[PDB]
Each structure stands twice: as structure tokens, then as C-alpha cells.
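We name chains A, B, ... by the order of the sequence lines, and we start the count at 1 in each one. For the numbers below, each heavy atom of this structure counts, side chains included, while hydrogens, waters and symmetry mates do not.
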Amino acid sequence: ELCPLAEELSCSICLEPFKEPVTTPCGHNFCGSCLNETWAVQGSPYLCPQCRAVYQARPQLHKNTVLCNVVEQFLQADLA
Amino acid sequence: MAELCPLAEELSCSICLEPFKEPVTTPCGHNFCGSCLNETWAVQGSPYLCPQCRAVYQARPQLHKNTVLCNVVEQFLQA
Amino acid sequence: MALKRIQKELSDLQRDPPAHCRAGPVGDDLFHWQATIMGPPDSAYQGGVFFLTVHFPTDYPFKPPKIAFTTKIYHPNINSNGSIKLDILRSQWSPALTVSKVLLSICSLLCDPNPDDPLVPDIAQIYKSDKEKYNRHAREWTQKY
Amino acid sequence: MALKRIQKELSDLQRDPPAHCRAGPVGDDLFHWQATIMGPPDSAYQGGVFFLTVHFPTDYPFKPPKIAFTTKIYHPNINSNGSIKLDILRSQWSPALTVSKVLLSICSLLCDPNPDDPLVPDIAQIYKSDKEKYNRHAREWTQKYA
Amino acid sequence: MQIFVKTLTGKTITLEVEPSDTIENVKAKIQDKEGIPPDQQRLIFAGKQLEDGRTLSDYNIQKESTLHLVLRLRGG
Amino acid sequence: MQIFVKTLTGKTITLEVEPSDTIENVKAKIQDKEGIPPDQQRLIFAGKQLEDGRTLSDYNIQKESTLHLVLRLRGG
Ligand SMILES: [Zn+2]
Ligand SMILES: [Zn+2]
Ligand SMILES: [Zn+2]
Ligand SMILES: [Zn+2]
């Protein structure tokens, strides 16, 4: 019954539920670790993995706290 | 369906006090309705401050709507 | 829209009962409110009850509300006209702030004034040079209102 | 870490087989796969069954997988060694891409080559000056797989 | 007439379109739901890409058909 | 030791702390949950603001107490 919510809260990089997600200015969410690991192995323009939005400087992003609380509440609903 | 009751307060915008309407997320990680944040910054020019943490943005950030967050709010409201 | 934001604030404020803060429209105009804050315990304002008026602008919450005291209070940042020189009521306003948070902010200002940039210069001077007499003066005005 | 992402891609690939391909590991090492894609339905690659090799690096999916044809194919962007010169396999790689998406992307490359920046110049030259001769050469190579 | 789009992350979304709508119109609806610009969208149906300017009838796309979304690519 | 913090949006969060923890330590844990830096936080208990560098025991904050979070202000 929580399957549409489950896919919506899954990271496009690790294919698992979001772990401390961050949101790009283009409105796309990734695990803080997954997106950091994506932009650490490269340089130059930093591109969004989902829409290839161009960022000449690496964006400084903090964790989407509302999205963290949603994932945490989703896990409880999925376990009980 | 939503096995989640406390989701309502988590999906409510801090400006309109209503569920998110096409929410955008600031680089500081705070979400607001697209219209609410644009009205905040059209009235508050010069340095643009986040309503929740006062993060300073000299140039107005270009933000698109958090599509994942839109889908969560919609599935919450349809239930 | 301002009126829906004001109604939602009042609705939550009726299930909030915040401490030291009470507010709500007395008339049928929800853009004008009457608020009462209680002086913080263990202070010169303890046991006091201070009345305030809240007038919401048409751009609320994107513009701050106009809040002023009606009870006379002894404080370097509140003059005799009840005007409150507070930054969050002007340039440091945030649309995410509610009346409950602002009244609570004003309550914490009573025991944390700013005498260096004062609204009442002479009260601030007594606060700078003799804080024991200041607390005595503030306790006297609390009983006198 | 790479192995977990590879495992989940394979399990989702086994739970639902996409119509455009069939992929899976060769033996015990899930970092080496063998894939097979079908040619587009209305082209010079009709009915063709093309085998490919998928080699995942240790830093997958943050680095793209090495994908090369083992079946011989007539294409301006695929050389005789089966190497594929494609942007999403190098600079334009995205970690959000899955092997199923890449294999489907390679399928659409067959009927949309780039003859202006080619990997095989003589094949691209035929494509530009005589596409009919190009189509028959590609049709012939699909019947022969050589 | 409803069609389905297999988005980049494997998710499936439903679109309300018409056989007269162009691919550029379809990418606009995809952009509204996923946030990826049309110039970065590459729609694939029957193993082949769908070019802008052509309609759904030009590609023989009818009721409940599924389009597949990959990122823009170029041969080399 | 469990305490409660009324965040800026009126939501209530729960923190597990100790009387030895300073106010600045509490504001760091509030930053982890709400994403507001400590220099922009102003914690209020019993109508008074809580100074950084002081501990919870110095303010007689006990179990199940409720701290209130407003934005950093400056009298004038
Ligand atoms: Zn992830
Ligand atoms: Zn993006
Ligand atoms: Zn912020
Ligand atoms: Zn809003």
C-alpha cells in the first residue's frame, strides 16, 4: 500500500531510500553521499545526474530536513 | 494510500501554513511553495534571506520545483 | 492571502496555548488583535501582565505586523507610546514567523534589553550605570502599570 | 559501493525482462555481463540479435561501464573491435543511468548515427554520399553477423 | 487517450495526450512532472528515437502505449 | 534525559540531552534536525533567552521541559 511512496523516496544513484537527501537547485534529490561521490570523482562543470543542469562551481547544498523526516516516517510505516 | 498521519505537519509550508503547492527547495535545504517564496523575495530584494534560517543569497537563486516533493504531497492529499 | 494566514495562526493559537502569551481578536476584525504577555518569572516583571495591540498589514505575512504596548513598561527599547524598537518587527522580519513567536520574542526582550542602541536613552543610562536600581525601577512600574 | 548497485539492477532486470534486451552475468563475477539487444523493427538491423559485453568498473555507477559489441555490426560509430564511441559512455555519463537504459540508448543509436564525427570514416562516408548503399551493407551484415 | 512514459529512474507516469500532439508537446508534459528539460529528453519508441515536430500519429503511437525516456546522447 | 523544542514552524521535536550539555550543544542538535545554524537560533525557556556557553542545569531545565525556538533578534 506504500509502494508508490516507496519508489518516490528512492535515490536514483544507489536505488535505495534516501539517506540524508540533498536537493539541487533544479529540484532533484539525492543522498548526500551519492551526490558528493558523483561530483568528487570529476570537476569542470558539475552536472545534475537526472537532468544535466550545468553548475560551473560546485553547489554548496545542505540536507533537505523535510525530506529526511518524510523518509524516516516512511520507514516506520513500512516496518509496522 | 497513506499509513502516515503526522505527515501533514511535515508537508505544510511555513509561510502559507498549507500543504506545499509546487514546492521549491533552497540551497540551504528548506522548502516553500513556489508562490510563497517568490512573493517573499519580490518584497525582500537586495540580499535574499531564507525565511527559516536567514541564509544570505546576494543573487536571487534560480530554483525549480522539487518534483519528488510534489508527488509526495499529491499522494498525501489524494488519500 | 493574509486573512487565511491569520485565521490559520489563530486556529493553531487556540490549540497552542503558549506560555506567557495570549492573543486573539476581540472584535470581528481579525486584522486587529489584542495580546497579553506575562512578565518572565524571577525578574523585575514577575507577576505582571502587559497588554499589546497587533495590527496586521495587507501584505501579511510578507510584511511584519505592527505591535505596540498599551501597558506602560520600564524598558530601554520601549518608549512611553508603547512603540517597540525590535529588528524582527522591521528589516529582520521573516514570513515564517507567527504572532506567537513574536510575542514570545518580545517576552524574552524584557530581560535582555539593548541599552547601547536605545529607544529611551535615560532608562538605558540607568541600566548601564546601576542595574540594581534599574531592576528596582522596573519592579515599581510593574506594580504600578 | 559498486556490487550492491549491480545486484539490484540485476534483480530488477530478472523480475521484469525488458523487450529491447536481455542481460546477465557470465559466471560468478557480476562485474562482467553478457547482453543481447534486438535490432530496431523498421531498419537495416531488422530481426538482428547483437551480443555485447558489459564490464563494470570498481567505482560503478560513478564511472560508466565499458560496453562493446561482440557481434559484428556495420555502423559509423562502432569499429571492427566492437568499441562504441558514445558520449553517455564517457563525458556525458550519469550515475542515474542503468544498464537497461544504456542498452536501450545503444539501440536508438543504430538508426541515428553521427557520420560527421565518426569512429569508422569509410562507413560514415558511404552513409553521407549513398545511404541506400549504406542500408544494403548494413542489411547484409545483419544477415551474416560478420 | 492515455500514454505511459518510462522515466529515467524506471518509474512509470501517465500522460493525457492526443494523437495530434507533437513530441515537443509530450516532452513539455514530461518536463512538468520530472523536471528534465526537453532538450535533455530522448524519447524512444520501437527501438527508435522520436524527433521534435512530428505527432504521435506519425509514429503510430496509440492508446496505452509506453514511451521510454533516456538522456540525450550523440554518436561519436 | 528527554526535552522538547518547539521549532520555528510550530512543530515539536525531541532531543536526548544531559544537564551537562551546554546551550550551544543543544543548538547544534537543533541544526541537525531543522537546518538552522546556531548563530541564528534563540532558545527561550520560562520567558527568558538561554545564553550560549551555559549548561542546561544552570537554567534548571529538567526532564520533559519544553524549549521554544525563535529567530535571532536584536533589541533597539
Ligand atoms: Zn543514494
Ligand atoms: Zn536536475
Ligand atoms: Zn534555509
Ligand atoms: Zn506556501
> When you look at E/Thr55 and E/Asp58, which way does the side-chain hydrogen bond (donor to acceptor under 3.5 Å, both in side chains) test go after all the steps?
Replying inline: CA-CA 5 Å; E/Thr55 66; E/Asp58 301 340; 3.2 Å; yes

>> Before you tell me yes or no, could you show the steps for D/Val102 and D/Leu86 under side chain to side chain contact (heavy atoms under 4.5 Å, CB included), namely the whole-Å CA-CA distance, both residues' side-chain angles and the distance that decides it to 0.1 Å?
In response: CA-CA 10 Å; D/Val102 177; D/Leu86 181 58; 5.8 Å; no

>> Set out, in order, the CA-CA distance, both residues' side-chain angles and the distance that settles salt bridge (charged side-chain N to carboxylate O under 4.0 Å, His left out) for E/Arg74 and D/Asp117, then state yes or no.
In response: CA-CA 10 Å; E/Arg74 66 102 197 92; D/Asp117 179 29; 5.2 Å; no

> What do the steps show when you test A/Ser12 against A/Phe30 for side chain to side chain contact (heavy atoms under 4.5 Å, CB included), and what is the final call?
Replying inline: CA-CA 7 Å; A/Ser12 55; A/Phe30 309 93; 3.2 Å; yes

>> F/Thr12 vs F/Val5, test: side chain to side chain contact (heavy atoms under 4.5 Å, CB included). Steps then yes/no.
In response: CA-CA 6 Å; F/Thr12 303; F/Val5 173; over 6 Å; no

> Between E/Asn60 and E/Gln62, does a side-chain hydrogen bond (donor to acceptor under 3.5 Å, both in side chains) hold up when you go through it step by step?
Replying inline: CA-CA 6 Å; E/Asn60 194 30; E/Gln62 283 98 50; 2.5 Å; yes

>> Go through it in stages, so that I can follow the logic: the residues are D/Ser108 and E/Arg42, the test is side-chain hydrogen bond (donor to acceptor under 3.5 Å, both in side chains), and I'd like the CA-CA distance, side-chain angles, deciding distance and then a yes or no.
In response: CA-CA 9 Å; D/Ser108 65; E/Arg42 183 184 182 94; 3.1 Å; yes

>> Between A/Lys63 and A/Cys68, is the side chain to side chain contact (heavy atoms under 4.5 Å, CB included) condition met? List the steps.
In response: CA-CA 8 Å; A/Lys63 79 183 187 81; A/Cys68 295; 3.3 Å; yes

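In this structure, C/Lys63 places its NZ atom where only 12 or fewer heavy-atom neighbours from other residues, nucleotides or ligands lie under 6.0 Å away. For CD of B/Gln62, the number of neighbouring non-hydrogen atoms (other residues, nucleotides, ligands) closer than 6.0 Å is 12 at most. The 12-atom threshold is not exceeded at CD of A/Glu72, counting heavy atoms of other residues, nucleotides or ligands nearer than 6.0 Å. Within 6.0 Å of atom CE in C/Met1, more than 12 heavy atoms from other residues, nucleotides or ligands are found, so the atom counts as buried in its surroundings. The environment of CD in B/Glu3 is crowded: more than 12 heavy-atom neighbours from other residues, nucleotides or ligands sit within 6.0 Å. Surrounding CD of F/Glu24 are at most 12 heavy atoms belonging to other residues, nucleotides or ligands under 6.0 Å away. Counting heavy atoms of neighbouring residues, nucleotides and ligands inside a 6.0 Å radius, atom CD of A/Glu20 does not exceed 12 of them. Heavy-atom contacts from other residues, nucleotides or ligands closer than 6.0 Å to NZ of E/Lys11 number more than 12.
Taking the six-membered ring where the residue is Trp, D/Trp93 and D/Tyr60 present tilted rings, their angle falling between 30° and 60°. Using bins of under 30°, 30° to 60° and over 60° for the plane-to-plane angle, the ring pair D/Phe56/D/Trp33 lands in the perpendicular bin.
Here the closest non-hydrogen pair linking D/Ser43 and D/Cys111 is CB-SG, 3.4 Å. The heavy-atom pair separating E/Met1 from E/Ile61 by the smallest distance is CE-O, 3.3 Å. Between B/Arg54 and F/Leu71, the shortest heavy-atom contact is NH2-CB, 3.6 Å. Across E/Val26 and E/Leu67, no two heavy atoms sit closer than the pair CG1-CD1, 4.2 Å. The two residues A/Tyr46 and A/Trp39 have their closest heavy-atom pair at CE2-O, 3.4 Å. Considering all non-hydrogen atoms of both residues, A/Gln42 and A/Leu47 come closest at NE2-N, 4.0 Å.
Side-chain atoms of D/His75 come within 3.5 Å of backbone atoms of D/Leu109 as a donor-acceptor pair (strictly under, hydrogens ignored). Although no hydrogens or angles enter the test, the distance criterion places no donor-acceptor pair under 3.5 Å between the side chain of D/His55 and the main chain of D/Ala68. Within the 3.5 Å criterion, the main-chain N or O of D/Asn114 finds a donor-acceptor partner in the side chain of D/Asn77. At least one donor-acceptor pair under 3.5 Å links the side chain of B/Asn38 to the backbone N or O of B/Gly34. At least one donor-acceptor pair under 3.5 Å links the side chain of C/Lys101 to the backbone N or O of F/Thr7.
Inter-residue side-chain proximity for D/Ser100 and D/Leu13 is flagged as met; some heavy-atom pair is nearer than 4.5 Å. For the pair D/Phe31 and D/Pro25, the minimum side-chain heavy-atom distance is 4.5 Å or more. At least one side-chain heavy atom of E/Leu56 sits less than 4.5 Å from a side-chain heavy atom of E/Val17. Between A/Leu61 and A/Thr24, some side-chain heavy-atom pair lies under the 4.5 Å cut-off. For the pair B/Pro51 and B/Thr40, the minimum side-chain heavy-atom distance is below 4.5 Å. At least one side-chain heavy atom of F/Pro37 sits less than 4.5 Å from a side-chain heavy atom of B/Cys53. The shortest distance between side-chain heavy atoms of C/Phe62 and B/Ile15 falls below 4.5 Å. Put simply, the side chain of B/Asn31 does not reach to within 4.5 Å of the side chain of B/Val24, judged on heavy atoms.
The CG atom of C/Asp87 sits 6.0 Å away from atom CG of F/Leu73, with the distance rounded to the nearest 0.5 Å. How far CD of A/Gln50 is from CG of D/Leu97: 10.5 Å, rounded to the nearest 0.5 Å. The structure places CG of D/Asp12 at 9.0 Å from OG1 of D/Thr98, a figure rounded to the nearest 0.5 Å. Summarising the geometry, atom CD belonging to F/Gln31 is positioned 8.5 Å from atom CG belonging to F/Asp39; distances are rounded to the nearest 0.5 Å. Taken to the nearest 0.5 Å, the CE atom of D/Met38 stands 11.5 Å off from the CG atom of D/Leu110. Atom CD1 of D/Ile84 and atom CG of D/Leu119 lie 10.0 Å apart (nearest 0.5 Å).
Between E/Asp52 and E/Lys27 there is a salt bridge, since at least one side-chain N of the basic residue sits less than 4.0 Å from a carboxylate O of the acidic one. For B/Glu18 and C/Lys4, the salt-bridge test passes: some basic side-chain N is under 4.0 Å from an acidic carboxylate O.
Each of B/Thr67, B/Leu69, B/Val72 was scored for a side-chain contact (heavy atoms from CB on, under 4.5 Å) with A/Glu8, with one residue passing: B/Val72.
Between E/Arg72 and D/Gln92, the side chains place a donor N or O and an acceptor N or O closer than 3.5 Å (distance only, hydrogens not considered). Of the N and O atoms on the side chains of A/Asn69 and F/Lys33, at least one donor lies less than 3.5 Å from an acceptor on the other residue.
Every residue two or more places apart in sequence or in another chain that forms a side-chain hydrogen bond (donor to acceptor under 3.5 Å, both in side chains) with F/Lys6 is listed here: C/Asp16.
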